[PDB]
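In what follows, a structure is listed as structure tokens, so that the remarks can point back to it.
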Amino acid sequence: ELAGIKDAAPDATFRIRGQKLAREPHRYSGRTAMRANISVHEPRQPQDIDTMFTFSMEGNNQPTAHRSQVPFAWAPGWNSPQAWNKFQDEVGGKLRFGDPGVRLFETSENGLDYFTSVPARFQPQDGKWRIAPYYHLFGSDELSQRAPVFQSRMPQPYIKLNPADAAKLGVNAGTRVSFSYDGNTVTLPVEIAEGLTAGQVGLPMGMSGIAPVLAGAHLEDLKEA
Amino acid sequence: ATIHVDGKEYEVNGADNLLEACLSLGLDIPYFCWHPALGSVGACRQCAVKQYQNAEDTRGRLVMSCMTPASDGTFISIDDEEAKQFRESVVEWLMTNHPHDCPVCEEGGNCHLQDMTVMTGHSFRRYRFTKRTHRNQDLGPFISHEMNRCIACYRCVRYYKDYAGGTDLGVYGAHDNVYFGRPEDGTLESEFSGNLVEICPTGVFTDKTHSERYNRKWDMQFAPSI
Amino acid sequence: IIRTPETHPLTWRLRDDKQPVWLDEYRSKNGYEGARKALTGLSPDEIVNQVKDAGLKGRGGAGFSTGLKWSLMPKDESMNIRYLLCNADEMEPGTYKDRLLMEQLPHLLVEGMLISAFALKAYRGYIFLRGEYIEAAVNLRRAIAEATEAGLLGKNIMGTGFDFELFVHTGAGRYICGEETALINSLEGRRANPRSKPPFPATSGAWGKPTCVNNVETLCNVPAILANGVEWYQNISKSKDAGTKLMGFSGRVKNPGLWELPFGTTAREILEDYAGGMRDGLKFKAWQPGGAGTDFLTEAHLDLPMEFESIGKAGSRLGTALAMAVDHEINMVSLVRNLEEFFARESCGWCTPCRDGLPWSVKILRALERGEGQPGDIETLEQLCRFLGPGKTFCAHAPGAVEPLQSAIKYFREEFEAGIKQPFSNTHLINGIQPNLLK
Amino acid sequence: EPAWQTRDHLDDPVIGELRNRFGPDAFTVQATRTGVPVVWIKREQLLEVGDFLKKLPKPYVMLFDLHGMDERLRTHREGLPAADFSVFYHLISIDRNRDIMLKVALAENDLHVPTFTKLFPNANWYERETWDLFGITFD
Amino acid sequence: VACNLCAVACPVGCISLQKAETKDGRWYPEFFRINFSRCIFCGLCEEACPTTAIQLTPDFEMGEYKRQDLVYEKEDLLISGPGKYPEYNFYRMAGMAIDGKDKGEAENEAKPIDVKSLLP
Amino acid sequence: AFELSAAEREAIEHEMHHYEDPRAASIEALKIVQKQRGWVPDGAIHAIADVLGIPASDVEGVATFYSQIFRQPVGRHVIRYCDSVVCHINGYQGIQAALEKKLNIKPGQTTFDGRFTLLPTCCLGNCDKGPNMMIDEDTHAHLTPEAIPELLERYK
Ligand SMILES: NC(=O)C1=CN([C@@H]2O[C@H](COP(=O)(O)OP(=O)(O)OC[C@H]3O[C@@H](n4cnc5c(N)ncnc54)[C@H](O)[C@@H]3O)[C@@H](O)[C@H]2O)C=CC1
Ligand SMILES: Cc1cc2nc3c(=O)[nH]c(=O)nc-3n(C[C@H](O)[C@H](O)[C@H](O)COP(=O)(O)O)c2cc1C
Ligand code: SF4
Ligand code: SF4
Ligand code: SF4
Ligand code: SF4
Ligand code: SF4
Ligand code: FES
Ligand code: FES
Ligand SMILES: [Ca+2]
């Protein structure tokens, strides 16, 4: 069932009229000086035995080459991102000689039946707080939050509460509420979410110490601390 | 539909405008405001071609190739002297107020305006007066903002509003004092604001993360990835 | 000057003390009878056909046929939401006809808008009126309220079964708002950038609905046609452009003013019989027929009839037929400089050639006015006039901007050549680099 | 009229003699900015064309150049015969003060040309250089 | 201004530099190295410099014992004067705001007109 | 620190009643705020965007596009003198010089007390009685430079 990944891209023996595909443009600069601090002898350029590309400009990057994997767009007289107009059969449509990547499976001849197990209406249990996931674009990815440029962009971790439940707890926005999940009494400042339904606590997934596995879980011991 | 460019017969798609009809065949027309995904608004007036309705027509008319449909039986000329002179004049008019900022610009060698300045063969400056300047806004950690380099091609407002659905980028100003940005300073809160670094033909909206550790396009080693 | 109802079908009902005419006084002197005949004895289609047979050209400045424009609305009955717009902006310099048309006879405009809304079956009408006309705005609101009270605006007008609502939209003072598509854009609360044509406003105009934009003088012309007939309107003057136009000379003349004259009256008659000629100690150098966006003409063109085709044959335009006289004391370079400053500071800023080439002409004329002109500026102005003609720019503001510049280049080239005193110097000597010297 | 314009060169008398000798369907004429009549000639008639140019009344007694060319990546080959490789022979007639460039088209697999050493003895090193740098074999 | 034009105009490729930016906003090379064992003294880097920063001075006595010592760094190319072009500054022409240079203070540039200005 | 009053909000809503789009009342909303406050401050843009529902960038573009929608503070009275072609033939430059000599400022600047804001404007539509000058709601025709000091004393 993973047999389609052979057709995702051609092998390392694929050549455009005998030559490989270039990873860097034809006017790449400083070949004989970018490593001269370490040693004045420029070594052999690395060889890519795995794929059809090469770590050099001795390769084919013409817009009319019979290939689908395009490292970058460049045409003579077209240096902008608008140089992609030369790499397509029609401008704005599909890529010339087909787009890369193939679907693993086709549509089945017949489908599934009706899923009968309907759920029950959400009744808020006292004490236990259902965790509502609040995904953010900057912060819910495992690796993107490690970027130092996202730390100046991601919002502060706020636990989101209904106005009714926050008034019941007596907490106002800005104050810290401590919650315990598996022996971790972690404090978060409170934001008020009118659109959130009563009986839930809004938590941002993928943050520091708040995993996406927390979605749908309960939360006992939600007190102001 | 069938069109005629400089006496050459081309089979085109008749539901399309003439600009990408010619761009599909590999025919070079300078253009700024048109984008394949956004559409045509006829703003930059750079895509002028001389249209003839008969096979024997001397005068013709300078029409917008992004605004004229590629119907069956249009005889357009791109490399005509009148059309080339008008396109060079439009490039010159865009170059009257442009700053002397190409070495210190993050899109040097990646600039659409550079390609269309060299494409029309304009290299002599007879404009001798002052150039208008604009202040800059702090658009957040991602987008570096330099409004002096703008040419008022309206691509940013079109994409950000009519395509991305964002509400904080707009067009303000006057006759020649046109500004493109926010009503104040602050982060662009759209989740698709990053495409402004490639939608903008000039170096107004640039990648600040790339601008931290900056190298030119020919210095880049690229790869296709997911 | 006396104005009978026959040869002055619009200006016969003003007051000698220059006061507005209200509903009782307007209705006393045969008012709202063309509207009565239109709403009671004629279908909308035959009203449109009557206006088309009358040969009523639009008095906005282009002279397009109003009946044919009304015939371009979609004939499908699924689009019952329709708009009629009255372009009361009149932001062109040298134009003052609309101010007199609505400050003293607002009910004439209201009646004409009623007739034109019934002809198009337009459910709503807006007067896109400029912000500076304040007394005109007060008179328009008073006239609308008075006509609404006495069964002429609102629901079931006269008992025919046609419902029409009229509004006054006061503009915020931009010259480009007078253009019909830009008028539609500013009516919808957006920036006043003009739209591409086609699609013309008659099919997809205001809020995507069928919408017809007309000048004030056309809507003031229509009720005389609907009351006194079509063949009577064709029997006012023996000219191809039928009707009466509000003409008049302005600018350093003896008696500047506004007079309703038939088409075909020569421009010397307006200067002499009405304006009285030049003032004391003044001579005549040039004139400009249709406001600021028209080519200058000379003394030899003074004995020329004031029609669209006659002025259009002699390298100019009729425009609004409100002529401006330029004397010999006025320097033409500074005059064209002021015209270009107005045309460049009032540009909408959408498209490249006007926006980034009109200030270049402004700066060149600033250098010529101070005598700091350099060799190659007049050729630059000529190529600028060539490349800012019709079809190059998105709208028609820039061809009208460059018409006086090319006319002053053509007729008064010796005044423009007198502003060049210093040699051409664009670069400066960089120490250490020998410059290139083209020959 | 500038000297750098693409001149197709049908006004050369040598083109007329070649049309009258080998017929109107034996070779193709290329319009270039070289200032040279460029004649694409079939491989079988290369020796016949060489002998014909050697035995003209004011003949081409000079083999100026002889070298190959890789046409596998040339995208703009409009007006040109289909070819993966090519070999050009640049010949000069001194008395005519004229010169011609004869190009023969070769496929990627059938890379053998008849030799030019017998007509011009200085073709030996040029054919060796063409074989060394392009892999084209000379029979 | 670390614009990398000399590195790409070099036919040998013996110039290596990386752009750095100070707190004001002006550009400079973080490092600038030339492999003089590779350079052919063709003068294309001086020809392609838009700021007239890199210059080939008339000095030839550059004999060395180890060719690793022939790799000159930024501390060895930067001199204490203007060189062959004495009175040219690129930032007096550029439209980028730097220290001591507000918008509109460049050559042939006007003061910035705000969009909120009352003048039509 | 901005907050729309009752009268401005009710007038804004009544202007929304006139059209089929709340966007179309943006120009009259800005004119209402300009009439009440003398000009349109920074918080008024966001308040109008809140009451109409359109983005604040659209309100900013509309406000900065039009000349008589003031985005900077003005004086007690705004003088708008015509500078177009017919008044240039009629000599508007004498009136401009008279106003510059009296108010001791430039066109576009305000006096230190905040009395008059002198501004050029386009054609006033009264070219047969040129030159003209439009103070806040009053137009003046057949102007002479000597009548400028007598004209400016009617606005304290
Ligand atoms: N204040 C004033 O009175 C001013 C008047 N003008 C006049 O405005 C003119 C330019 O007007 P524009 O609207 O830009 O151009 P235009 O002349 O093409 O259009 C004018 C009218 O003709 C109609 N029209 C023309 N061809 C049509 C077609 N094929 N289908 C449907 N409708 C058609 C338009 O709908 C519009 O109502 C100038 O020539 C000048 O005379 C210019 C400036 C100021
Ligand atoms: C820049 C520009 C400004 C215009 N200003 C006005 C105007 O102020 N008043 C007007 O009636 N027409 C004006 N027009 C003409 C309009 O396009 C159009 O003719 C008008 O809305 C209706 O004209 P009509 O009476 O022939 O139907 C202007 C046109 C342009 C290009
Ligand atoms: S945007 Fe383009 S033309 Fe403008 S300064 Fe940058 S590189 Fe130069
Ligand atoms: S900022 Fe860029 S995208 Fe926007 S109008 Fe200017 S040049 Fe076009
Ligand atoms: S010519 Fe272009 S920029 Fe000028 S007013 Fe018309 S659309 Fe606007
Ligand atoms: S002079 Fe040397 S460093 Fe400069 S471009 Fe030539 S080879 Fe490169
Ligand atoms: S030395 Fe000159 S060409 Fe090289 S990066 Fe610096 S400014 Fe650019
Ligand atoms: S690309 Fe056609 S006008 Fe801009
Ligand atoms: S030109 Fe001044 S009022 Fe018209
Ligand atoms: Ca690998």
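The numbers here are math on the coordinates, done by the rules we state, and not lab data. Every residue, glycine as well, gets a Cβ built from its backbone with ideal geometry; the counts of neighbours run over all protein chains shown.
Counting only residues at least eight positions apart within a chain, or on another chain, the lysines with an alpha carbon under 25 Å from that of C:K240 are C:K52, C:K57, C:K69, C:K97, C:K313.
A crude spin-label estimate for the pair E:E105 and A:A198, with each label 7 Å from Cα along the Cβ direction, gives 6.2 nm.
Farthest toward the positive end of the dipole of chain D, out of D:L66, D:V87, D:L10, is the Cα of D:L10, where the dipole comes from beta carbon charges about the Cα centre. Using the Cβ-Cβ distance between C:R15 and A:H66 with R0 = 60 Å, the FRET efficiency computed as 1/(1 + (r/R0)^6) comes to roughly 0.10. Helix C:397-411 axis versus longest C-alpha principal axis of chain C: approximately 50°, rounded to the nearest ten. Taking 7 Å steps out from each Cα toward its Cβ at E:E87 and A:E106 produces label points 8.0 nm apart. Other protein chain C-beta atoms within 10 Å of residue C-beta, averaged over E:15-22: 5. What whole number of Å gives the distance from the Cα centroid of segment A:163-225 to the Cα centroid of segment B:1-71? For segment B:1-71 versus segment A:163-225, the Cα centre distance is 60 Å. Taking the three principal axes of the alpha carbon atoms in segment D:13-139, the coordinate ranges are 38, 33, 25 Å, sorted in descending order. Under a model in which nothing but the beta-carbon of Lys, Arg (+1) and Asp, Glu (-1) is charged, segment B:79-226 shows a dipole of about 400 debye around its Cα centre.
Averaging 1/r across all pairs of distinct Cα atoms in the protein assembly as shown and inverting the result yields a Kirkwood radius of 36.9 Å. When both segment C:256-321 and segment C:112-153 are represented by their alpha-carbon centers, they are found 32 Å apart.
Using Cβ point charges alone (K and R +1, D and E -1), the dipole size of segment C:23-234 about the Cα centre works out to roughly 480 debye.
According to the square roots a ≥ b ≥ c of the eigenvalues of the Cα gyration tensor, what is the shape class of chain B, taking rounded for a/c under 1.5, prolate for a/b larger than b/c otherwise, and oblate for the remainder? Prolate shape, in that a/c is at least 1.5 and a/b is the bigger ratio.
Note on F:15-25: average number of Cβ atoms from other chains within 10 Å of each residue's Cβ is 4.
Ranking E:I15, E:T57, E:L5 by how far each Cα lies toward the positive end of the dipole of segment E:1-93 (charges on Cβ) leaves E:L5 at the top.
Helix C:106-120 and the longest principal axis of the C-alpha atoms of chain C enclose an angle of approximately 80°. Shown for chain C is the translational diffusion coefficient from the Stokes-Einstein equation, using the Kirkwood radius over Cα pairs, a temperature of 20 °C and a viscosity of 1.002 mPa s: 92 µm²/s.
Ordered by the number of other Cβ atoms lying within 10 Å of each residue's own Cβ, fewest first, E:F31, C:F387, C:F162 fall into the sequence E:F31, C:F162, C:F387. Dimensions of segment C:244-327 from C-alpha coordinates, computed as largest minus smallest value along each principal axis and given longest first, are 34, 23, 21 Å. Mind running the shape call on segment B:28-87? Use the C-alpha gyration tensor, a ≥ b ≥ c as the square roots of the eigenvalues: rounded below 1.5 for a/c, prolate if a/b tops b/c, oblate otherwise. Note, shape of segment B:28-87 comes out oblate. If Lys and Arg each add +1 and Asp and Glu each add -1, what is the summed charge of the other residues whose beta carbon sits under 12 Å from the beta carbon of A:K160? With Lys, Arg at +1 and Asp, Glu at -1, the neighbours total -3.
With a Förster radius of 25 Å applied to the beta-carbon distance between A:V213 and A:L2, the computed FRET efficiency rounds to 0.40. The charge dipole of chain A, taken about its Cα centre with unit charges on the Cβ of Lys, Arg, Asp and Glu (plus for the first two, minus for the last two), comes to roughly 940 debye.
Taking the inverse of the mean reciprocal distance over all distinct Cα pairs, the Kirkwood hydrodynamic radius of segment F:82-156 comes to 12.6 Å. Taking all Cα pairs closer than 8 Å and separated by 6 or more residues, the relative contact order of chain B comes to 18 percent. Shape verdict for segment C:106-257, please, from the Cα gyration tensor: rounded (a/c under 1.5), prolate (a/b greater than b/c) or oblate. Because its axes are fairly even, with a/c under 1.5, segment C:106-257 counts as rounded. The label-point distance for F:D50 and A:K223, in a model that sets each label 7 Å from Cα toward Cβ, rounds to 3.9 nm. By the equivalent-ellipsoid construction on the alpha carbon gyration tensor, segment C:308-439 comes out with semi-axes of 30, 19, 13 Å, ordered largest to smallest. Between segment E:60-89 and segment F:26-60, the C-alpha centres lie 61 angstrom from each other.
Principal axis extents of the Cα atoms in chain A, from largest to smallest and rounded to whole angstrom, are 73, 60, 33. For segment E:1-115, the ratio of Cα radius of gyration to the globular rule of thumb 2.2 N^0.38 Å stands at 1.26.
Quick check for you: which residues of segment B:194-226 have the amide N under 18 Å from the point 7 Å beyond the Cα of B:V118 toward its beta carbon? Counting only backbone N, you get B:201-203, B:216-220. Length gained on full extension, A:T116 to A:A147, computed as 0.36 nm times the residue gap minus the Cα-Cα distance: 6.7 nm. Think of segment D:13-139 as a dipole: +1 on every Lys or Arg Cβ, -1 on every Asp or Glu Cβ, centred on the Cα centre; then among D:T75, D:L119, D:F52, D:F52 lies furthest on the positive end.
For the residues of B:112-122, the average number of beta carbons from a partner chain within 10 Å of their own beta carbon is 2. First measure r as the distance between the Cβ atoms of B:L38 and C:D163, then evaluate 1/(1 + (r/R0)^6) with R0 = 60 Å and state the FRET efficiency to the nearest 0.05. Computed FRET efficiency for B:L38 and C:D163 comes out at 0.90.
Taking the 0 to 90 degree range and rounding to the nearest ten, how far is the long axis of helix C:134-149 tilted relative to the main principal axis of chain C, both from C-alpha atoms? The helix C:134-149 is inclined about 20 degrees to chain C.
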